[PDB]
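Enquirer: Take a look at the following structure, please.
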Amino acid sequence: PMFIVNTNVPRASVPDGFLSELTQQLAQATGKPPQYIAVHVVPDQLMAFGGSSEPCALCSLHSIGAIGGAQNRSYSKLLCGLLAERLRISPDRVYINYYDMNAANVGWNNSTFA
Amino acid sequence: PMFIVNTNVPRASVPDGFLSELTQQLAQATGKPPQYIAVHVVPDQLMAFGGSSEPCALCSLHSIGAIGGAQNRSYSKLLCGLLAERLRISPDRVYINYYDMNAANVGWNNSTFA
Amino acid sequence: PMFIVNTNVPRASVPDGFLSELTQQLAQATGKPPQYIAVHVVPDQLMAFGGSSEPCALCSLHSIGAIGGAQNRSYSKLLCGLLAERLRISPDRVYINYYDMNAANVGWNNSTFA
């Protein structure tokens, strides 16, 4: 799986250990092996949500399966919880796009997962 | 809806008000309330378009519906127009990927839109 | 086609002709004129792969067609090759998400490709 967060929160407000926490929590939530979990945080962005520049985030979670109605609800609770707790972003100022990737459309280690 | 722009144009060339203008104009174009519109502008990027470094932009618009043949043509005219007028980017050096997102695949406020 | 690389490798480690190399190699691989190829490299990122902050990359290739099982395997070999050779990223620490875009969903030059 791959989780990306873009946010206008400044770099200094990202606590140490945030990438590790995201990695461990995503392995717990997705059931995917932790060795395959990638995480990416992009602070200091020029963004607005509903016309306002208060803290917000635009995120993506890609996975080969483990995507669906109930699962996404659970990932959203988890990830909004983390963004609230660690980055002080309101959950109603966060969007997360979920992608169920086909194995044939994910390249890794000179090949694909197909 | 979510609009993201990545460009090699420098930060200083993004004018005051650009995020707010995108927000208002996307609310109009998509027929969605502005409170639901998120915008994200990323200047200073290392990018080329057609094997040259002149101004260009790589963009994404994600929306739960309001995506389709005619509507996307209309968004492209609108958005290329804004990128030309405000950032001085030639419309023939802009790509916009459109994504019709399923409500179950968009997280917000600790759940999804499903 | 559009190829985007996000990486924790520092900017100084991206060799000066890397965007041009990517452009020429992708034109060759995809069979498309280089004028249609856009390339975008984002160094100095806060990211981890498998919990580790050793060099890694999270990438995307979008194309209207020229995407599929065999082709994506070939692109993955090519692109992991290039990242290993030029950025010193291990191929087992690179993800490339492939997107076969519908022409109606790609904006360009005030319209779409439809």
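We label chains A, B, ... in the order they appear in the structure tokens, count residues from 1 in each chain, and number ligands from 1 in the order shown.
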So that I can see what lies close to residue 10 in chain C, please list as an NGL selection string the residues with an atom at most 12 Å from it, counting only C-alpha atoms and leaving out residues fewer than 4 positions away in the same chain.
Expert: :C and (6 or 14-15 or 41-46 or 54-57 or 87-89)
Enquirer: If you count only C-alpha atoms, which residues fall within 12 Å of residue 53 in chain C, apart from same-chain ones fewer than 5 positions away, as a VMD selection string?
Expert: (chain A and resid 17 19 to 20 23 38 to 40) or (chain C and resid 7 to 9 44 to 48 89 93)
Enquirer: Using only C-alpha atoms, find the residues of chain B whose closest atom to chain A is at most 12 Å away, then write them as number ranges by chain.
Expert: B: 1-6, 11, 14, 16-27, 32-44, 61-64, 99-114
Enquirer: Could you write those residues out with C-alpha atoms, as a compact mmCIF listing (two decimals), in the first residue's frame?
Expert:
# COMPACT_ATOMS: atom_id res chain seq x y z
CA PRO B 1 -14.11 18.42 -5.62
CA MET B 2 -10.31 18.60 -5.54
CA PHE B 3 -8.08 20.50 -7.91
CA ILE B 4 -4.37 20.17 -7.94
CA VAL B 5 -1.85 22.01 -10.01
CA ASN B 6 1.85 21.17 -10.26
CA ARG B 11 6.13 30.75 -6.39
CA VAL B 14 1.42 32.89 -8.40
CA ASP B 16 -2.59 36.86 -4.65
CA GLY B 17 -6.03 35.47 -4.73
CA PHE B 18 -5.26 32.51 -7.02
CA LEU B 19 -6.53 29.80 -4.66
CA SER B 20 -9.69 31.77 -3.95
CA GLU B 21 -10.30 32.33 -7.65
CA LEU B 22 -9.88 28.61 -8.38
CA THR B 23 -12.25 27.82 -5.51
CA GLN B 24 -15.03 30.19 -6.76
CA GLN B 25 -14.69 29.25 -10.37
CA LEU B 26 -14.71 25.48 -9.67
CA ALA B 27 -17.78 25.84 -7.46
CA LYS B 32 -21.10 22.28 -6.05
CA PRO B 33 -21.05 24.42 -2.99
CA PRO B 34 -17.64 26.12 -2.43
CA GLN B 35 -17.45 24.62 1.04
CA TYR B 36 -16.79 21.24 -0.66
CA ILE B 37 -14.02 22.51 -3.01
CA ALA B 38 -10.33 21.92 -2.19
CA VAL B 39 -7.48 23.47 -4.21
CA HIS B 40 -3.70 22.85 -4.15
CA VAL B 41 -1.01 24.72 -6.08
CA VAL B 42 2.58 23.42 -6.24
CA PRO B 43 5.07 25.89 -7.86
CA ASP B 44 8.86 25.61 -8.42
CA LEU B 61 -9.46 17.26 -10.82
CA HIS B 62 -11.24 14.67 -8.67
CA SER B 63 -14.99 14.82 -8.11
CA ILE B 64 -17.78 12.51 -7.02
CA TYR B 99 -11.18 11.38 -11.98
CA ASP B 100 -14.85 10.46 -11.33
CA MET B 101 -14.55 9.17 -7.81
CA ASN B 102 -16.96 6.68 -6.21
CA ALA B 103 -18.45 8.12 -2.97
CA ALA B 104 -17.21 4.99 -1.06
CA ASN B 105 -13.68 5.78 -2.23
CA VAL B 106 -13.53 9.32 -0.80
CA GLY B 107 -12.73 9.71 2.88
CA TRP B 108 -13.74 12.80 4.82
CA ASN B 109 -14.65 13.59 8.47
CA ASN B 110 -13.71 10.12 9.83
CA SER B 111 -15.78 8.23 7.30
CA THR B 112 -16.52 8.23 3.58
CA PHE B 113 -19.16 9.94 1.50
CA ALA B 114 -20.92 6.60 0.84
Enquirer: DSSP on the backbone, strand (DSSP E) only: what residues of chain B does that give? Format it as a PyMOL selection string.
Expert: chain B and resi 2-7+38-42+46-49+57-63+94-100+106-108+111-112
Enquirer: To test your reading of the structure, identify every residue in range 50-113 of chain B that backbone DSSP assigns to helix (DSSP H, G or I), and report it as a PyMOL selection string.
Expert: chain B and resi 69-87+91-93+103-105
Enquirer: Write the residues of the selection above to a file with N, CA and C atoms, as a CSV table (one decimal), in the first residue's frame.
Expert:
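File again07.csv, as written:
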chain,number,residue,atom,x,y,z
B,69,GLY,N,-17.7,13.7,-20.7
B,69,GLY,CA,-17.1,14.2,-21.9
B,69,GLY,C,-17.2,15.7,-22.1
B,70,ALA,N,-18.5,16.2,-22.0
B,70,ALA,CA,-18.7,17.6,-22.2
B,70,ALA,C,-18.3,18.5,-21.0
B,71,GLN,N,-18.6,18.0,-19.8
B,71,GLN,CA,-18.2,18.7,-18.7
B,71,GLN,C,-16.7,18.8,-18.6
B,72,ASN,N,-15.9,17.8,-18.9
B,72,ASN,CA,-14.5,17.9,-18.8
B,72,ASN,C,-13.9,18.9,-19.8
B,73,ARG,N,-14.5,18.9,-21.0
B,73,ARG,CA,-14.1,19.9,-22.0
B,73,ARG,C,-14.3,21.3,-21.4
B,74,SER,N,-15.5,21.5,-20.8
B,74,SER,CA,-15.7,22.8,-20.1
B,74,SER,C,-14.7,23.2,-19.0
B,75,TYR,N,-14.4,22.2,-18.2
B,75,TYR,CA,-13.4,22.4,-17.1
B,75,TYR,C,-12.1,22.7,-17.7
B,76,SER,N,-11.7,22.0,-18.8
B,76,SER,CA,-10.4,22.3,-19.4
B,76,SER,C,-10.3,23.7,-20.0
B,77,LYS,N,-11.3,24.2,-20.6
B,77,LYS,CA,-11.3,25.6,-21.1
B,77,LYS,C,-11.2,26.5,-20.0
B,78,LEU,N,-12.0,26.3,-18.9
B,78,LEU,CA,-11.9,27.2,-17.7
B,78,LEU,C,-10.5,27.2,-17.1
B,79,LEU,N,-10.0,26.0,-16.8
B,79,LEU,CA,-8.8,25.9,-16.1
B,79,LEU,C,-7.6,26.3,-16.9
B,80,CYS,N,-7.5,25.9,-18.1
B,80,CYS,CA,-6.4,26.4,-19.0
B,80,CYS,C,-6.5,27.9,-19.1
B,81,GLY,N,-7.7,28.4,-19.3
B,81,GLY,CA,-7.8,29.9,-19.3
B,81,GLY,C,-7.2,30.6,-18.1
B,82,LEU,N,-7.5,30.1,-16.9
B,82,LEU,CA,-7.0,30.6,-15.6
B,82,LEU,C,-5.5,30.4,-15.5
B,83,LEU,N,-4.9,29.2,-16.0
B,83,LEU,CA,-3.5,29.0,-15.9
B,83,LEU,C,-2.8,29.9,-16.9
B,84,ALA,N,-3.4,30.2,-18.1
B,84,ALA,CA,-2.8,31.2,-19.0
B,84,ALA,C,-2.8,32.6,-18.5
B,85,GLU,N,-3.9,33.0,-18.0
B,85,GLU,CA,-4.1,34.4,-17.6
B,85,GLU,C,-3.3,34.7,-16.3
B,86,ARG,N,-3.3,33.8,-15.4
B,86,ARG,CA,-2.7,34.0,-14.1
B,86,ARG,C,-1.3,33.6,-13.9
B,87,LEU,N,-0.9,32.4,-14.5
B,87,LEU,CA,0.4,31.9,-14.4
B,87,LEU,C,1.3,32.0,-15.7
B,91,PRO,N,-1.8,27.0,-22.8
B,91,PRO,CA,-2.7,25.8,-22.7
B,91,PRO,C,-2.3,24.5,-23.3
B,92,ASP,N,-1.5,24.7,-24.4
B,92,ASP,CA,-0.9,23.4,-25.0
B,92,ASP,C,0.2,22.8,-24.2
B,93,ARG,N,0.5,23.4,-23.0
B,93,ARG,CA,1.6,22.8,-22.1
B,93,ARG,C,1.0,22.4,-20.7
B,103,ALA,N,-18.3,7.5,-4.3
B,103,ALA,CA,-18.4,8.1,-3.0
B,103,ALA,C,-17.8,7.3,-1.8
B,104,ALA,N,-17.8,5.9,-2.0
B,104,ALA,CA,-17.2,5.0,-1.1
B,104,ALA,C,-15.7,5.1,-1.0
B,105,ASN,N,-15.1,5.7,-2.1
B,105,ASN,CA,-13.7,5.8,-2.2
B,105,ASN,C,-13.1,7.2,-1.9
Enquirer: Report, in Å to a single decimal, how far apart CA of residue 66 in chain B and CA of residue 30 in chain B are.
Expert: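 It comes out at 6.2 Å.
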